[PDB]
Each structure stands twice: as C-alpha cells, then as structure tokens.
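1. No letters, just coordinates:
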Ligand SMILES: *[C@@H]1O[C@H](CO)[C@@H](O)[C@H](O)[C@H]1NC(C)=O
C-alpha cells in the first residue's frame, strides 16, 4: 500500500525564462500564477509528510 | 573559464559557467545539445 | 480622448530617415542625438 | 516544442526579432509554458488525492 | 532582511511560526564575453547590388556568399533604398 | 581615421528624389495614464445625478 509520493518544487524563472533577463520583466505582468503553483506543491509536500 | 559569465557564442546568448570538457567529439560536429534542446556543449570558432 | 498635456518637439529631417523617430529602433540621429523611450505615445505632423 | 512560435529557445527570438514583434512570440511561449506548469500540478493534485 | 521578505511574500506583518520559501538564489554574472570568427575580409555584397547590368526574371543569377565579414550598415543607408521589408528577422539586429 | 566637424550640414537641394527630400516635421508627446483635467476635447457637461 503506498503512503507517500516524491515531493517536488518547480521554479518559474529557470523553467519558463531559463537564463533570460527580459523574460523575467514580462512574466510579472501575468499576476500570481507562480505563487499559486509554488504553494500548491508546498501544500502537497506538507500533506504527504 | 570556471566562472559564471554571459556568453554570446556566434549568436547564442545566455548565461553559464564554462569549463574544459572531457568529451570525445567527432570533427564534423560543432554543437552538443542535451535533452529537450538544452545547450550542454559548444565549440568556439577561434581555437576550436 | 483626454490626456494630461501635449508637447511639440520641433526639428528638421529629410525623407529617408523618418522611420527611426519611433520607440525601439537605431540609427545615426536616433542613438546619439535624439532618442525617445520604448513607451512613447505621439503623432508625427509631416507636411510638405 | 516551439508552441507555434519561431523557435523553442527564447534567447534568440529576443536577439533576432524586434521588441515590437518579439513579445508577441514570447507571450505565446509564456502562455504555453504556464499552461504546461498549471496542468502538471493539477495532474499531481489528482494523484496526491 | 530575510525576515522582512517573509512579510512581503505572505503579505502580513504578523508572521507565525513555520518555514516559508520566499525566493530563489541565483548567481548573477560579473563579466560579459563574445566570440566571433577570425575573419576580416569584406565580400562582394557591393558588387551584387551595384552591378552594371542585371539578369532577367527567368534564369536568375545566384551568387554564393560565404567566408566574409558582412556589414549591412553600409547597405541600407543609401538614398534610393526606399523600402526594406524582412521576413522572420528584424532589420536592425542584422549585424549580430 | 575619424575626423570631421561633428555637426554636418543637410545639403539642401530640390533636385533630390522624393524619398530623401527635406520634410519639416513636428512630433507630439501626450501621456495615456490617469489624466488630471488640463487638455480636454469639445465635449459638453451634464448635471450630476
Ligand atoms: C583564427 O585566426 C587566429 C589568428 O591569430 C589563429 O590563431 C586561430 O587559430 C584561427 N582559428 C581557426 C583557423 O580556427
């Protein structure tokens, strides 16, 4: 019977923008997408623990 | 070498640390791309 | 449409170089003499 | 994937295209990658449940 | 301060006990490098554009341009060069 | 190897082509954000309800 999974965390700057500086300036015009995704995996990681 | 620098190698702009590889490249190749088009290796046009 | 204020920058240029007085280009008179930012909003009054 | 843009790498389209045209293809790649990251956590949220 | 960054991240002055991921570390580069090939010679871009006589529509001439230093800034500064429309490339970033 | 007087003349000549004739042009500059009332159009007023 499985109890837990592999806990993970993803960043937005190194994934979507990578090494670009100009992408980081335009991504803040999108709102709170990355704050939603980081808290969701954080809420997953505290749940499986 | 061995410091994180902004590299512009024949139009490929980006950021990373360069070190001397141990890779056995064939002479017809000039670029080594990793999984999902990741720029893993490069050959400089000056001293090759 | 309402604005805050409207200005008038008076200069003389010839016919070949009317495009680079615009947000985000380069040129001989654009770079070192007369530049304007990337979020500029205005019209060119070009009469004969 | 290019997501229907010119290239899959984003540093070169900032270097090739002008910023009046380059942010159009950047917004195509950002909304493609933000949809890729949002669906990945959503499939993780079903699996974590 | 790193404690003040938690007050900005959670948007609350009274931060309770726990562990919070504020931001990510990233080492920014201090230098800037560029590498181009060792060539210096100019190539007949001027000869293909400013030739005396030109070919017709059928059996068009194609000049093999390779192994030179290009310089487009001497091209589009000419006075009869009225229009310049490009495809998939911006006309200003052509030298890089 | 680099020497001229920095301000150069336009060399006014009416025999030039129309694509390089001297055209006297004036540009405008107006902001597009939240405007205090200083420059307005010909619209009239109406009583407040
Ligand atoms: C480019 O020219 C330089 C001249 O100093 C030479 O040292 C270098 O080996 C050359 N690179 C080549 C031919 O790849």
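-> Ah, there it is. Residues are numbered from 1 along each chain as shown, chains lettered A, B, ... in the order given.

2. what residues does chain C put near chain E?
-> For chain C, the residues in contact with chain E (C-beta under 8 Å from any C-beta of the partner chain) are C:16, C:25-26, C:28. C-beta: built from backbone N, CA, C; applies to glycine.

3. Save the residues you listed as TSV, and put in distance to chain D, neighbour count and secondary structure too.
-> Formatted as TSV, the residues of chain C next to chain E follow (distance: C-beta to the nearest C-beta, whole Å; neighbours: other C-beta atoms under 10 Å in any protein chain shown; DSSP: H, G, I helix; E, B strand; the rest coil):
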residue	distance to chain D	neighbour count	secondary structure
C:16	20	18	helix
C:25	8	18	coil
C:26	10	12	coil
C:28	18	12	helix
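
4. now, among the residues you listed, which is nearest to residue D:17?
-> Checking the residues of chain C next to chain E against residue D:17 with C-beta to C-beta, the nearest one is residue C:25 at 13.2 Å.

5. who's in contact with the closest one?
-> Residues counted as contacts of residue C:25 (C-beta atoms under 8 Å, 6 or more residues apart in numbering or on different chains) are C:19, D:18, E:92.

6. Give me the secondary structure label for the first one.
-> In other words, residue C:19. The assignment at residue C:19 comes out as coil when based on DSSP: H, G, I helix; E, B strand; the rest coil.

7. Mind checking which of the contacts of residue C:25 are buried?
-> D:18, E:92 (16 or more other C-beta atoms under 10 Å in any protein chain shown).

8. Residue of chain C closest to chain D, please.
-> Proximity of chain C to chain D (C-beta to the nearest C-beta) peaks at residue C:24, 5.2 Å away.

9. go on, chain A?
-> residue A:16 (4.4 Å).

10. that older thread, next one: the residue of chain C closest to chain D from residue F:11, what distance?
-> Counting by C-beta to C-beta, to the nearest Å, the gap from residue C:24 to residue F:11 is 29 Å.

11. my guess is the residue of chain A closest to chain D meets residue D:34, correct?
-> Yes - the criterion here is C-beta atoms under 8 Å, and residue A:16 meets it with residue D:34 at 7.0 Å.

12. ok, the longest helix seen in chain D near chain B or not?
-> Across chain D, the longest stretch assigned as helix under DSSP state H is helix D:19-48. No - using C-beta under 8 Å from any C-beta, helix D:19-48 stays clear of chain B, coming no nearer than 12.0 Å.

13. buried stuff in that helix?
-> For helix D:19-48, by 16+ other C-beta under 10 Å, it's D:22-23, D:25-26, D:28-30, D:33-34, D:37, D:41, D:48.

14. Who does the closest residue to residue C:3 other than its chain neighbours form a beta bridge with?
-> In this structure, residue C:3 finds its nearest non-sequential neighbour in residue F:30, 4.1 Å apart by C-beta to C-beta, 6 or more residues apart in numbering or on different chains. Partner residues in beta bridges with residue F:30, using DSSP bridges, are residue C:6.

15. what sits against residue E:10?
-> Residue E:10 touches residue E:20, counting by C-beta under 8 Å, 6+ apart.

16. element containing residue 23, please.
-> If you meant another chain, say so; for now it's chain A. helix A:22-27 (DSSP states H and E).

17. right idea, wrong chain: chain F
-> Secondary structure (DSSP H and E) places residue F:23 in strand F:22-27.

18. Give me the sheet partners of that strand and which way each runs.
-> strand C:9-14 (antiparallel), strand C:44-46 (antiparallel).

19. buried sites along it?
-> F:23, F:25, F:27.

20. For residue A:17, see how far away the most centrally placed residue in chain D is.
-> The residue lying closest to the centre of chain D (C-alpha atoms, centre = their mean) is residue D:29, at 2.6 Å. Residue D:29 sits 10 Å away from residue A:17, going by C-beta to C-beta.

21. related to what we said a few turns ago, spatially, which two of the residues of chain C next to chain E are the most separated?
-> Pairwise over the residues of chain C next to chain E, using C-beta to C-beta, the maximum falls at C:16 and C:26, 14.8 Å.

22. quick revisit: now do the strand holding residue F:23: distance to the chain's middle.
-> Centroid displacement of strand F:22-27 relative to its chain, using C-alpha atoms, centre = their mean, to the nearest Å, is 7 Å.

23. now stretch A:15-28
-> With C-alpha atoms, centre = their mean, you get 14 Å for stretch A:15-28.

24. returning to that earlier point: can you pull the residues that touch both of residue D:29 and residue A:17?
-> Counting by C-beta under 8 Å, 6+ apart, the residues touching both residue D:29 and residue A:17 are residue D:10.

25. hmm, back to that, looking at residue C:24 and residue F:11, which is more packed in?
-> More crowded of residue C:24 and residue F:11, by other C-beta atoms under 10 Å in any protein chain shown: residue C:24, with 17 against 8.

26. Quick check: closest non-adjacent residue to the spatially most central residue of chain C.
-> Most central in chain C under C-alpha atoms, centre = their mean is residue C:21, positioned 3.6 Å from the mean C-alpha point. By the measure of C-beta to C-beta, 6+ apart, the closest residue to residue C:21 outside its immediate chain neighbours is residue F:27, 6.5 Å from it.

27. Can you tell me the closest non-neighbouring residue to residue F:38?
-> Excluding its sequence neighbours, the residue lying closest to residue F:38 (C-beta to C-beta, 6+ apart) is residue C:5, at 5.7 Å.
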